[PDB]
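Written out below as structure tokens is the structure these notes cover.
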Amino acid sequence: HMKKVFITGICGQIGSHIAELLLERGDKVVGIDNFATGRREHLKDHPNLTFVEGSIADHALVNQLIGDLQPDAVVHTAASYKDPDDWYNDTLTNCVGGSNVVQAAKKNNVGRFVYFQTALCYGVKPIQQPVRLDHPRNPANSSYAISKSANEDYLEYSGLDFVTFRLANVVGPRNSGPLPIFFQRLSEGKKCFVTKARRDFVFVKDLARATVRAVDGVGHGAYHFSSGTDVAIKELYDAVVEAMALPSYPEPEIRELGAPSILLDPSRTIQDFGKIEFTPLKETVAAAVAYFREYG
Amino acid sequence: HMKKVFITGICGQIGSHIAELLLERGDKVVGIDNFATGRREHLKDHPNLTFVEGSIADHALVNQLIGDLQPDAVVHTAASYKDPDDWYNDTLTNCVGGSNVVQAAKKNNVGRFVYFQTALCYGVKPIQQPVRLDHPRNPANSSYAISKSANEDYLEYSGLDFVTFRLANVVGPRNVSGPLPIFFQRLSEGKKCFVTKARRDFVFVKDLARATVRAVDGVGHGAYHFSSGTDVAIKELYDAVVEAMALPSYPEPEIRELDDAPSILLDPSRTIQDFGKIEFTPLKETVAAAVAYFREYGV
Ligand SMILES: NC(=O)c1ccc[n+]([C@@H]2O[C@H](COP(=O)([O-])OP(=O)(O)OC[C@H]3O[C@@H](n4cnc5c(N)ncnc54)[C@H](O)[C@@H]3O)[C@@H](O)[C@H]2O)c1
Ligand SMILES: NC(=O)c1ccc[n+]([C@@H]2O[C@H](COP(=O)([O-])OP(=O)(O)OC[C@H]3O[C@@H](n4cnc5c(N)ncnc54)[C@H](O)[C@@H]3O)[C@@H](O)[C@H]2O)c1
């Protein structure tokens, strides 16, 4: 049967990709986005899609939309982050908007809630390697992590049946971060710093299809959505130059560290979501780069 | 001879008592209150006082008030809490409003920032007794604790020279929340009161206000448990109220059983280290002061 799904931040990387999967299998999708960072083009028209331009900080709007629709699931991807000095929109969107969305879902007995969270909730340098789901919380390292983490608090407090995907880095088409930086600089002929660190990168499309399973009732609570492996920043850079189809090899500026590696332990995710086949790094980066070429 | 101090929640229990201390010594005080819980009558007029009705959620107002004053210090007492289901105001006041206040202070190079935090940052049933300052943070037990602790996080993150007083319960005149105003009202209406079999810390607002002035003046850095390190049974608080009201006979309370800890002590050690050995006002004196306020101002 046709599910009803409310998606916040539906014109963003993660939300638009989820929206596409749901719409293609016949679900009814209602979405909200204010275009802080998302783009209208990310979300193609579909007869079962309703799009509302607005902010999740708008309490009456969020309640009206969820109240009317009575969704089977809320997928909450909306987040403010782009300017680290903009504490105002970070709190207004992630705290006021985030609790608005959580409480509306709880008020309307929404059966499933999917949230997305930064691994910065554990601090910038974890005390566990790999980081386990019981790593102490240390979110006061940025406006983004602090506010994102207060939104998670409200979700855990609400009593909703939820799934939170805690993520290192999500990359692909529609994506900020190292990928667009690398692409942008190499396009301008600029030399890139490549630090001697390993980090975890996850294709948005792997995450989108694990979300559909969460919408369908797979999983409860917080998970590390990770392969359990990490990649060197050099390997990421190399993948970007490879997809860019350069007459080059431009040797980067190797830069010493100033954590060396952040592995997220995926044991609970393997347990409940099964052994997932994660898209290979080159293919993930190829898709991200084809998107940059076409848009920016 | 005249510090400039900006107070948020200036018409509340804690803010107004701090304003009074600063004004009587010759300081210049500017304050803001939306009357979500406090009262205009809590803040008496004074030549060196400027009062502004408004919300700290208003980014432009906060930045204009602090921007125009260039305070030596910000005392941030404003908080939303009174309706546990009102997540919107809690996050708009505590998170948006609270981050506004912290960031405006930092942008304006404010030398000292004093904040007030709930010991619910630690959870409802702590795993240390006495609770130490390194106790794990478990704030996801109420809208109040979650949004207060986000505000605390921004303060820590800002780079400001701050003191946070972490508190159990603050009581005395102008206390509008918690058991004390409820005991007074129900006792004066002849209604049955409920006493839980639990022990909690209660601190006289005026002790806290005098420590805040020291903190404004440069005493302490970081987080502290503002506490004697003792606690009292709720039954003792109730009995102190009956005796302060001089009721002609003792009204037997209804005893509730205690999820939650039987007793929460906060370790005062770092407070003694940096603020010295504070003579805490005894409960009897604290409750008599509160009862005197409730008889004049009502609940
Ligand atoms: N590396 C990553 O991209 C990554 C890693 C960890 C966590 N996450 C989380 O995943 C979620 C989505 O991430 P993304 O990569 O798709 O980011 P994104 O910027 O592509 O999408 C977020 C969307 O939210 C919208 N939005 C912002 N404020 C809004 C508001 N007040 N009301 C309505 N819409 C608003 C934006 O315009 C944007 O479309 C976020 O919660 C983010 O914190 C992402
Ligand atoms: N009172 C306690 O037992 C206790 C215990 C732990 C922590 N604290 C903290 O101490 C601080 C002060 O507590 P109190 O006992 O003085 O409470 P209070 O309610 O008397 O004071 C809070 C004041 O802030 C004002 N306020 C609320 N939202 C505002 C907004 N958006 N803009 C401007 N003003 C606003 C209220 O009207 C009120 O006057 C609060 O931050 C509280 O969380 C108090």
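Letters A, B, ... mark the chains of the structure tokens in the order given; residue numbers begin at 1 per chain; ligand numbers begin at 1, in order shown.
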
Any residue with an atom at most 7 Å from ligand 1 counts, using only C-alpha atoms and all ligand atoms. Which are they? Put them as a ChimeraX atom specification. /A:8-15,32-39,54-57,77-80,93,97,116-119,148,166-171,174-175

Just to be explicit: take each residue in the selection above, keep N, CA, C and O atoms, and write the result as a short mmCIF file (atom, residue, chain, number, x, y, z; two decimals), in the first residue's frame.
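result-v5.cif was written with the following content:
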```cif
data_model
loop_
_atom_site.label_atom_id
_atom_site.label_comp_id
_atom_site.auth_asym_id
_atom_site.auth_seq_id
_atom_site.Cartn_x
_atom_site.Cartn_y
_atom_site.Cartn_z
N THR A 8 11.23 16.83 5.49
CA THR A 8 11.76 18.19 5.64
C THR A 8 13.06 18.32 4.89
O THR A 8 13.86 17.36 4.87
N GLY A 9 13.29 19.48 4.27
CA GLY A 9 14.53 19.71 3.57
C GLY A 9 14.57 18.91 2.28
O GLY A 9 15.62 18.46 1.84
N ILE A 10 13.40 18.79 1.64
CA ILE A 10 13.21 17.90 0.50
C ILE A 10 14.01 18.25 -0.78
O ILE A 10 14.24 17.37 -1.62
N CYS A 11 14.45 19.51 -0.90
CA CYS A 11 15.31 19.93 -2.01
C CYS A 11 16.80 19.83 -1.70
O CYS A 11 17.63 20.36 -2.46
N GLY A 12 17.15 19.15 -0.61
CA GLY A 12 18.55 18.96 -0.24
C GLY A 12 19.07 17.67 -0.84
O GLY A 12 18.31 16.91 -1.43
N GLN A 13 20.36 17.43 -0.68
CA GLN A 13 21.01 16.21 -1.13
C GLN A 13 20.25 14.96 -0.66
O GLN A 13 19.71 14.21 -1.45
N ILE A 14 20.18 14.76 0.65
CA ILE A 14 19.61 13.54 1.17
C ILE A 14 18.10 13.50 0.92
O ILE A 14 17.59 12.46 0.47
N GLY A 15 17.39 14.60 1.22
CA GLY A 15 15.92 14.60 1.14
C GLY A 15 15.38 14.37 -0.27
O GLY A 15 14.45 13.60 -0.44
N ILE A 32 8.72 20.11 2.51
CA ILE A 32 8.99 21.51 2.87
C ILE A 32 10.49 21.84 2.74
O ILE A 32 11.34 21.01 3.10
N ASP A 33 10.79 23.03 2.22
CA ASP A 33 12.15 23.52 2.10
C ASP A 33 12.10 25.04 1.97
O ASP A 33 11.16 25.58 1.35
N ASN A 34 13.08 25.73 2.56
CA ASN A 34 13.13 27.20 2.49
C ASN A 34 14.24 27.70 1.57
O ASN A 34 14.45 28.90 1.43
N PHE A 35 14.97 26.76 0.98
CA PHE A 35 16.11 27.04 0.09
C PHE A 35 17.27 27.74 0.77
O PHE A 35 17.98 28.49 0.12
N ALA A 36 17.54 27.44 2.04
CA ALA A 36 18.78 27.95 2.65
C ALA A 36 20.00 27.42 1.86
O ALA A 36 20.94 28.17 1.60
N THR A 37 19.96 26.15 1.46
CA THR A 37 21.06 25.53 0.75
C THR A 37 20.60 24.61 -0.38
O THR A 37 21.38 24.32 -1.31
N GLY A 38 19.36 24.13 -0.29
CA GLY A 38 18.79 23.28 -1.33
C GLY A 38 18.42 24.07 -2.58
O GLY A 38 18.45 25.32 -2.58
N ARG A 39 18.07 23.34 -3.64
CA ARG A 39 17.72 23.94 -4.96
C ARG A 39 16.42 23.36 -5.53
O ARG A 39 16.16 22.15 -5.41
N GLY A 54 8.75 26.90 2.58
CA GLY A 54 8.61 27.52 3.90
C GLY A 54 9.66 27.02 4.88
O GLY A 54 10.52 26.24 4.51
N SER A 55 9.59 27.50 6.11
CA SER A 55 10.56 27.12 7.13
C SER A 55 9.93 26.22 8.17
O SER A 55 8.81 26.49 8.61
N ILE A 56 10.67 25.19 8.59
CA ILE A 56 10.25 24.33 9.70
C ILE A 56 10.17 25.06 11.06
O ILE A 56 9.56 24.54 12.03
N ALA A 57 10.79 26.24 11.14
CA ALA A 57 10.69 27.09 12.34
C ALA A 57 9.26 27.65 12.45
O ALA A 57 8.81 28.04 13.54
N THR A 77 15.32 15.87 7.27
CA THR A 77 16.67 16.19 6.78
C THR A 77 17.04 17.69 6.87
O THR A 77 18.21 18.02 6.62
N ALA A 78 16.06 18.56 7.15
CA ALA A 78 16.27 20.01 7.10
C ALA A 78 17.25 20.37 8.17
O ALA A 78 17.16 19.84 9.29
N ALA A 79 18.22 21.21 7.82
CA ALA A 79 19.24 21.68 8.74
C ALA A 79 19.94 22.91 8.23
O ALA A 79 20.19 23.04 7.03
N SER A 80 20.26 23.79 9.18
CA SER A 80 21.03 25.01 8.96
C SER A 80 22.47 24.74 9.39
O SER A 80 22.71 24.11 10.43
N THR A 93 16.44 26.97 13.03
CA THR A 93 16.11 25.81 12.18
C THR A 93 16.29 24.46 12.93
O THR A 93 15.40 23.60 12.91
N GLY A 97 12.89 24.76 14.75
CA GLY A 97 12.35 23.95 13.67
C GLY A 97 12.40 22.45 13.96
O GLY A 97 11.44 21.74 13.70
N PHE A 116 18.74 12.43 10.72
CA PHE A 116 20.12 12.38 10.24
C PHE A 116 20.99 13.26 11.12
O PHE A 116 20.65 14.40 11.40
N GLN A 117 22.12 12.74 11.57
CA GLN A 117 22.88 13.38 12.61
C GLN A 117 24.34 13.30 12.24
O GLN A 117 24.78 12.34 11.62
N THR A 118 25.08 14.35 12.60
CA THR A 118 26.52 14.42 12.39
C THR A 118 27.25 13.67 13.52
O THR A 118 26.88 13.77 14.67
N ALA A 119 28.31 12.95 13.15
CA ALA A 119 29.21 12.27 14.11
C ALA A 119 30.06 13.22 14.96
O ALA A 119 30.72 12.80 15.89
N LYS A 148 22.31 20.58 16.19
CA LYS A 148 21.94 19.27 15.63
C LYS A 148 21.73 18.23 16.74
O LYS A 148 20.84 17.35 16.67
N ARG A 166 23.51 8.34 12.22
CA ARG A 166 24.68 9.18 12.53
C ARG A 166 25.73 8.94 11.45
O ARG A 166 26.12 7.78 11.17
N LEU A 167 26.13 10.04 10.82
CA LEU A 167 26.98 10.01 9.65
C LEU A 167 28.26 10.85 9.80
O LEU A 167 28.25 11.91 10.44
N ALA A 168 29.36 10.34 9.21
CA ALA A 168 30.58 11.12 9.02
C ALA A 168 30.41 12.16 7.91
O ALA A 168 30.33 13.36 8.18
N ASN A 169 30.36 11.70 6.66
CA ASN A 169 30.27 12.57 5.50
C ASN A 169 29.43 11.88 4.47
O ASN A 169 29.64 10.71 4.20
N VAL A 170 28.49 12.62 3.89
CA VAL A 170 27.62 12.10 2.85
C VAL A 170 27.98 12.84 1.57
O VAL A 170 27.96 14.07 1.54
N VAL A 171 28.30 12.08 0.53
CA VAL A 171 28.74 12.69 -0.73
C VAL A 171 27.91 12.14 -1.92
O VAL A 171 27.26 11.11 -1.83
N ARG A 174 24.27 16.73 -5.70
CA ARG A 174 23.46 17.62 -4.85
C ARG A 174 24.17 18.03 -3.54
O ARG A 174 23.61 18.73 -2.72
N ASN A 175 25.42 17.58 -3.38
CA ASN A 175 26.25 17.81 -2.16
C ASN A 175 26.79 19.23 -2.07
O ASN A 175 27.11 19.84 -3.11
#
```

Surroundings of ligand 2 up to 6 Å, based on only C-alpha atoms and all ligand atoms, as JSON, numbers by chain: {"B": [8, 9, 10, 11, 12, 13, 14, 15, 32, 33, 34, 35, 36, 37, 38, 54, 55, 56, 57, 77, 78, 79, 80, 93, 116, 117, 118, 167, 168, 169, 170, 175, 176]}

Polymer residues at most 10 Å from residue A:63, only C-alpha atoms, same-chain spacing of 6 or more positions, as an mmCIF file with N, CA, C and O atoms, in the first residue's frame:
```
data_model
loop_
_atom_site.group_PDB
_atom_site.id
_atom_site.type_symbol
_atom_site.label_atom_id
_atom_site.label_comp_id
_atom_site.auth_asym_id
_atom_site.auth_seq_id
_atom_site.Cartn_x
_atom_site.Cartn_y
_atom_site.Cartn_z
ATOM 1 N N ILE A 56 10.668 25.188 8.590
ATOM 2 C CA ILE A 56 10.245 24.328 9.699
ATOM 3 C C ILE A 56 10.172 25.058 11.062
ATOM 4 O O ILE A 56 9.558 24.538 12.032
ATOM 5 N N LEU A 69 -2.052 15.684 6.690
ATOM 6 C CA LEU A 69 -1.544 14.530 5.965
ATOM 7 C C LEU A 69 -1.623 13.235 6.777
ATOM 8 O O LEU A 69 -1.832 12.153 6.233
ATOM 9 N N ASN A 100 9.947 21.524 16.570
ATOM 10 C CA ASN A 100 8.644 21.709 15.941
ATOM 11 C C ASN A 100 8.252 20.393 15.205
ATOM 12 O O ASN A 100 7.125 19.879 15.338
ATOM 13 N N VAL A 101 9.187 19.875 14.421
ATOM 14 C CA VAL A 101 8.945 18.711 13.585
ATOM 15 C C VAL A 101 8.791 17.427 14.414
ATOM 16 O O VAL A 101 7.861 16.620 14.176
ATOM 17 N N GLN A 103 7.805 17.299 17.616
ATOM 18 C CA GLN A 103 6.591 17.361 18.444
ATOM 19 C C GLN A 103 5.289 17.187 17.642
ATOM 20 O O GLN A 103 4.388 16.495 18.088
ATOM 21 N N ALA A 104 5.228 17.806 16.458
ATOM 22 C CA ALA A 104 4.179 17.547 15.501
ATOM 23 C C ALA A 104 4.043 16.038 15.115
ATOM 24 O O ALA A 104 2.936 15.524 15.021
ATOM 25 N N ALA A 105 5.154 15.381 14.845
ATOM 26 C CA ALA A 105 5.129 13.980 14.587
ATOM 27 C C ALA A 105 4.571 13.258 15.805
ATOM 28 O O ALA A 105 3.723 12.386 15.682
ATOM 29 N N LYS A 107 2.649 14.428 18.268
ATOM 30 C CA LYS A 107 1.249 14.852 18.454
ATOM 31 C C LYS A 107 0.260 14.113 17.512
ATOM 32 O O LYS A 107 -0.903 13.907 17.849
ATOM 33 N N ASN A 108 0.734 13.780 16.314
ATOM 34 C CA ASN A 108 -0.072 13.172 15.292
ATOM 35 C C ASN A 108 0.234 11.666 15.189
ATOM 36 O O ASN A 108 -0.011 11.056 14.180
#
```

At most 7 Å is the cut-off: for each residue in chain A with any atom that close to an atom of chain B, write down the nearest atom pair and the distance in Å rounded to one decimal, counting only C-alpha atoms, chain first then increasing number, as CSV.
```
residue,atom,partner,partner_atom,distance
A:87,CA,B:99,CA,6.5
A:88,CA,B:96,CA,6.0
A:91,CA,B:96,CA,5.1
A:92,CA,B:96,CA,5.9
A:95,CA,B:91,CA,5.9
A:96,CA,B:91,CA,5.3
A:99,CA,B:87,CA,6.6
A:100,CA,B:88,CA,6.6
A:140,CA,B:153,CA,5.1
A:141,CA,B:157,CA,6.3
A:142,CA,B:157,CA,6.9
A:146,CA,B:150,CA,6.4
A:147,CA,B:150,CA,7.0
A:150,CA,B:150,CA,6.2
A:153,CA,B:140,CA,5.1
A:154,CA,B:140,CA,6.7
A:157,CA,B:140,CA,5.7
```

Would you mind exporting the chosen residues as an mmCIF file, in the first residue's frame, restricted to N, CA and C atoms?
```
data_model
loop_
_atom_site.group_PDB
_atom_site.id
_atom_site.type_symbol
_atom_site.label_atom_id
_atom_site.label_comp_id
_atom_site.auth_asym_id
_atom_site.auth_seq_id
_atom_site.Cartn_x
_atom_site.Cartn_y
_atom_site.Cartn_z
ATOM 1 N N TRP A 87 24.616 31.446 14.250
ATOM 2 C CA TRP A 87 24.053 30.692 15.359
ATOM 3 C C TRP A 87 22.566 30.845 15.356
ATOM 4 N N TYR A 88 22.101 31.965 14.786
ATOM 5 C CA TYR A 88 20.701 32.338 14.829
ATOM 6 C C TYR A 88 19.875 31.379 14.018
ATOM 7 N N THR A 91 20.099 27.696 15.411
ATOM 8 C CA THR A 91 19.140 27.445 16.512
ATOM 9 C C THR A 91 17.698 27.507 16.050
ATOM 10 N N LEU A 92 17.374 28.526 15.272
ATOM 11 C CA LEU A 92 16.015 28.663 14.749
ATOM 12 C C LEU A 92 15.570 27.465 13.886
ATOM 13 N N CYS A 95 16.940 23.761 16.250
ATOM 14 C CA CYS A 95 16.344 23.682 17.566
ATOM 15 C C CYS A 95 14.845 23.961 17.592
ATOM 16 N N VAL A 96 14.452 25.167 17.197
ATOM 17 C CA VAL A 96 13.040 25.515 17.079
ATOM 18 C C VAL A 96 12.383 24.695 15.972
ATOM 19 N N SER A 99 12.650 20.715 16.913
ATOM 20 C CA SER A 99 11.644 20.324 17.906
ATOM 21 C C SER A 99 10.201 20.489 17.394
ATOM 22 N N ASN A 100 9.947 21.524 16.570
ATOM 23 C CA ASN A 100 8.644 21.709 15.941
ATOM 24 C C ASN A 100 8.252 20.393 15.205
ATOM 25 N N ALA A 140 29.756 20.253 21.819
ATOM 26 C CA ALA A 140 30.068 21.695 21.865
ATOM 27 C C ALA A 140 31.327 22.077 21.105
ATOM 28 N N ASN A 141 31.433 21.641 19.854
ATOM 29 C CA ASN A 141 32.613 21.964 19.061
ATOM 30 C C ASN A 141 32.260 22.893 17.886
ATOM 31 N N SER A 142 30.946 23.135 17.710
ATOM 32 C CA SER A 142 30.453 24.002 16.644
ATOM 33 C C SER A 142 28.964 24.286 16.785
ATOM 34 N N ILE A 146 26.212 21.452 18.041
ATOM 35 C CA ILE A 146 25.415 21.770 19.216
ATOM 36 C C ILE A 146 23.922 21.754 18.929
ATOM 37 N N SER A 147 23.508 22.465 17.893
ATOM 38 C CA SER A 147 22.106 22.576 17.548
ATOM 39 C C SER A 147 21.518 21.276 16.989
ATOM 40 N N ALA A 150 20.975 19.040 20.009
ATOM 41 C CA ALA A 150 19.747 19.370 20.760
ATOM 42 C C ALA A 150 18.476 18.852 20.029
ATOM 43 N N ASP A 153 18.367 15.230 20.922
ATOM 44 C CA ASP A 153 17.830 15.126 22.272
ATOM 45 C C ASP A 153 16.285 15.085 22.352
ATOM 46 N N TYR A 154 15.655 15.999 21.637
ATOM 47 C CA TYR A 154 14.214 16.144 21.620
ATOM 48 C C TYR A 154 13.589 14.889 21.013
ATOM 49 N N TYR A 157 13.860 12.096 23.554
ATOM 50 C CA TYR A 157 12.888 12.459 24.604
ATOM 51 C C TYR A 157 11.433 12.251 24.179
#
```

What residues in stretch 75-207 of chain A get the DSSP label strand (DSSP E)? Please answer as a list in words.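 Residues of stretch 75-207 of chain A classed as strand (DSSP E): residues 75, 76, 112, 113, 114, 115, 116, 117, 118, 162, 163, 164, 165, 166, 167, 170, 171, 193, 194, 195, 198, 199, 202 and 203 of chain A.
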
Which of stretch 38-89 of chain B fall in alpha helix (DSSP H), as JSON, numbers by chain: {"B": [59, 60, 61, 62, 63, 64, 65, 66, 67, 68, 69, 87, 88, 89]}

In Å, rounded to a single decimal, give me how far atom CA of residue A:41 is from atom CA of residue A:67. 27.5 Å

How many Å lie between atom CA of residue B:21 and atom CA of residue B:133, rounded to one decimal? 28.2 Å

Could you pull the residues within 12 Å of residue B:238, counting only C-alpha atoms, minus those fewer than 5 positions along the same chain, as a PyMOL selection string? chain B and resi 179-184+186-187+192-197+232-233+243-245+250-255+283-284+287-288+291

Saved selection, atoms kept: N, CA and C atoms, as a PDB file, in the first residue's frame:
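Result went into out_18.pdb, see below:
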```pdb
ATOM      1  N   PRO B 179       8.020  23.739  44.498  1.00  0.00           N
ATOM      2  CA  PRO B 179       7.098  23.432  45.617  1.00  0.00           C
ATOM      3  C   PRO B 179       6.771  24.584  46.530  1.00  0.00           C
ATOM      4  N   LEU B 180       7.689  25.533  46.666  1.00  0.00           N
ATOM      5  CA  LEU B 180       7.553  26.529  47.732  1.00  0.00           C
ATOM      6  C   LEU B 180       6.340  27.446  47.559  1.00  0.00           C
ATOM      7  N   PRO B 181       6.180  28.074  46.371  1.00  0.00           N
ATOM      8  CA  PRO B 181       4.950  28.840  46.150  1.00  0.00           C
ATOM      9  C   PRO B 181       3.671  27.998  46.183  1.00  0.00           C
ATOM     10  N   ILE B 182       3.756  26.724  45.825  1.00  0.00           N
ATOM     11  CA  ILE B 182       2.610  25.799  45.882  1.00  0.00           C
ATOM     12  C   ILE B 182       2.199  25.466  47.326  1.00  0.00           C
ATOM     13  N   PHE B 183       3.164  25.144  48.161  1.00  0.00           N
ATOM     14  CA  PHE B 183       2.914  24.966  49.578  1.00  0.00           C
ATOM     15  C   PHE B 183       2.215  26.188  50.190  1.00  0.00           C
ATOM     16  N   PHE B 184       2.760  27.374  49.928  1.00  0.00           N
ATOM     17  CA  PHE B 184       2.191  28.599  50.508  1.00  0.00           C
ATOM     18  C   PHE B 184       0.732  28.805  50.098  1.00  0.00           C
ATOM     19  N   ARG B 186      -1.543  26.600  48.698  1.00  0.00           N
ATOM     20  CA  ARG B 186      -2.411  25.530  49.153  1.00  0.00           C
ATOM     21  C   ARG B 186      -2.611  25.574  50.659  1.00  0.00           C
ATOM     22  N   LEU B 187      -1.566  25.923  51.414  1.00  0.00           N
ATOM     23  CA  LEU B 187      -1.712  26.060  52.884  1.00  0.00           C
ATOM     24  C   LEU B 187      -2.610  27.215  53.290  1.00  0.00           C
ATOM     25  N   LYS B 192      -4.949  20.258  50.845  1.00  0.00           N
ATOM     26  CA  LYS B 192      -3.940  19.256  51.105  1.00  0.00           C
ATOM     27  C   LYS B 192      -2.695  19.438  50.202  1.00  0.00           C
ATOM     28  N   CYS B 193      -1.521  19.420  50.840  1.00  0.00           N
ATOM     29  CA  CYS B 193      -0.231  19.431  50.145  1.00  0.00           C
ATOM     30  C   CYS B 193       0.414  18.044  50.122  1.00  0.00           C
ATOM     31  N   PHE B 194       1.278  17.850  49.125  1.00  0.00           N
ATOM     32  CA  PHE B 194       1.915  16.563  48.895  1.00  0.00           C
ATOM     33  C   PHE B 194       3.380  16.670  49.167  1.00  0.00           C
ATOM     34  N   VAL B 195       3.909  15.749  49.966  1.00  0.00           N
ATOM     35  CA  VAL B 195       5.335  15.754  50.205  1.00  0.00           C
ATOM     36  C   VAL B 195       5.959  14.453  49.724  1.00  0.00           C
ATOM     37  N   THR B 196       6.894  14.560  48.781  1.00  0.00           N
ATOM     38  CA  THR B 196       7.569  13.382  48.291  1.00  0.00           C
ATOM     39  C   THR B 196       8.666  13.023  49.276  1.00  0.00           C
ATOM     40  N   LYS B 197       8.880  11.719  49.446  1.00  0.00           N
ATOM     41  CA  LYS B 197       9.974  11.192  50.231  1.00  0.00           C
ATOM     42  C   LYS B 197      11.224  11.290  49.351  1.00  0.00           C
ATOM     43  N   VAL B 232      18.009  18.796  51.628  1.00  0.00           N
ATOM     44  CA  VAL B 232      16.955  18.693  52.623  1.00  0.00           C
ATOM     45  C   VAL B 232      15.815  17.833  52.075  1.00  0.00           C
ATOM     46  N   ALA B 233      15.137  17.127  52.979  1.00  0.00           N
ATOM     47  CA  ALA B 233      13.961  16.348  52.639  1.00  0.00           C
ATOM     48  C   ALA B 233      12.878  17.363  52.313  1.00  0.00           C
ATOM     49  N   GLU B 243       5.657  26.432  59.690  1.00  0.00           N
ATOM     50  CA  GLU B 243       6.205  27.225  60.795  1.00  0.00           C
ATOM     51  C   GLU B 243       6.368  28.694  60.397  1.00  0.00           C
ATOM     52  N   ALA B 244       6.743  28.996  59.156  1.00  0.00           N
ATOM     53  CA  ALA B 244       6.912  30.415  58.784  1.00  0.00           C
ATOM     54  C   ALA B 244       5.531  31.122  58.735  1.00  0.00           C
ATOM     55  N   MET B 245       4.496  30.395  58.330  1.00  0.00           N
ATOM     56  CA  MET B 245       3.156  30.923  58.247  1.00  0.00           C
ATOM     57  C   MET B 245       2.437  30.938  59.617  1.00  0.00           C
ATOM     58  N   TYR B 250      -0.788  21.922  62.986  1.00  0.00           N
ATOM     59  CA  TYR B 250      -0.045  21.319  61.909  1.00  0.00           C
ATOM     60  C   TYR B 250      -0.949  20.594  60.882  1.00  0.00           C
ATOM     61  N   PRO B 251      -0.981  21.061  59.606  1.00  0.00           N
ATOM     62  CA  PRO B 251      -1.680  20.282  58.575  1.00  0.00           C
ATOM     63  C   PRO B 251      -0.815  19.123  58.031  1.00  0.00           C
ATOM     64  N   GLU B 252      -1.216  17.897  58.375  1.00  0.00           N
ATOM     65  CA  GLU B 252      -0.549  16.697  57.920  1.00  0.00           C
ATOM     66  C   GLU B 252      -0.528  16.672  56.396  1.00  0.00           C
ATOM     67  N   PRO B 253       0.679  16.572  55.795  1.00  0.00           N
ATOM     68  CA  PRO B 253       0.786  16.451  54.341  1.00  0.00           C
ATOM     69  C   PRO B 253       0.504  15.018  53.900  1.00  0.00           C
ATOM     70  N   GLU B 254       0.246  14.850  52.616  1.00  0.00           N
ATOM     71  CA  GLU B 254       0.105  13.537  52.046  1.00  0.00           C
ATOM     72  C   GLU B 254       1.490  13.142  51.545  1.00  0.00           C
ATOM     73  N   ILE B 255       1.999  12.024  52.062  1.00  0.00           N
ATOM     74  CA  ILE B 255       3.335  11.511  51.729  1.00  0.00           C
ATOM     75  C   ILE B 255       3.258  10.700  50.432  1.00  0.00           C
ATOM     76  N   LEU B 283      17.754  27.363  56.008  1.00  0.00           N
ATOM     77  CA  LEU B 283      16.422  27.152  55.438  1.00  0.00           C
ATOM     78  C   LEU B 283      15.312  27.980  56.080  1.00  0.00           C
ATOM     79  N   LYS B 284      15.312  28.036  57.409  1.00  0.00           N
ATOM     80  CA  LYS B 284      14.285  28.762  58.128  1.00  0.00           C
ATOM     81  C   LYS B 284      14.217  30.213  57.676  1.00  0.00           C
ATOM     82  N   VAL B 287      12.986  30.475  53.901  1.00  0.00           N
ATOM     83  CA  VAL B 287      11.544  30.242  53.814  1.00  0.00           C
ATOM     84  C   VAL B 287      10.738  31.397  54.420  1.00  0.00           C
ATOM     85  N   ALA B 288      11.212  31.968  55.521  1.00  0.00           N
ATOM     86  CA  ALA B 288      10.522  33.096  56.114  1.00  0.00           C
ATOM     87  C   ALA B 288      10.516  34.303  55.167  1.00  0.00           C
ATOM     88  N   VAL B 291       7.992  33.461  52.329  1.00  0.00           N
ATOM     89  CA  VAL B 291       6.616  33.577  52.853  1.00  0.00           C
ATOM     90  C   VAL B 291       6.226  35.038  53.006  1.00  0.00           C
TER      91      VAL B 291
END
```

Tell me, as a tab-separated table (two decimals) with N, CA, C and O atoms, in the first residue's frame, which residues lie within 10 Å of residue A:44, counting only C-alpha atoms; anything in the same chain fewer than 5 positions away does not count.
```
chain	number	residue	atom	x	y	z
A	11	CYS	N	14.45	19.51	-0.90
A	11	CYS	CA	15.31	19.93	-2.01
A	11	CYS	C	16.80	19.83	-1.70
A	11	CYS	O	17.63	20.36	-2.46
A	16	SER	N	16.01	15.00	-1.28
A	16	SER	CA	15.56	14.90	-2.68
A	16	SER	C	15.75	13.47	-3.17
A	16	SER	O	14.91	12.96	-3.88
A	19	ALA	N	13.10	11.36	-1.61
A	19	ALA	CA	11.81	11.72	-2.22
A	19	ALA	C	11.64	10.95	-3.52
A	19	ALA	O	10.61	10.37	-3.75
A	20	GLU	N	12.68	10.93	-4.35
A	20	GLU	CA	12.71	10.18	-5.61
A	20	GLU	C	12.41	8.71	-5.46
A	20	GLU	O	11.59	8.17	-6.19
A	49	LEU	N	3.62	14.26	-5.55
A	49	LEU	CA	4.45	15.17	-4.76
A	49	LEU	C	3.75	16.49	-4.52
A	49	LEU	O	3.34	17.18	-5.47
```

Neighbouring residues of stretch 204-216 of chain B were defined as those with any atom within 10 Å, considering only C-alpha atoms; residues of the same chain fewer than 2 positions away were excluded. Please report them as a PyMOL selection string. chain B and resi 3+5+13-22+72-75+111-116+162-165+167+169-175+202+218-221+226-227+275+278-283+285-287+289-290
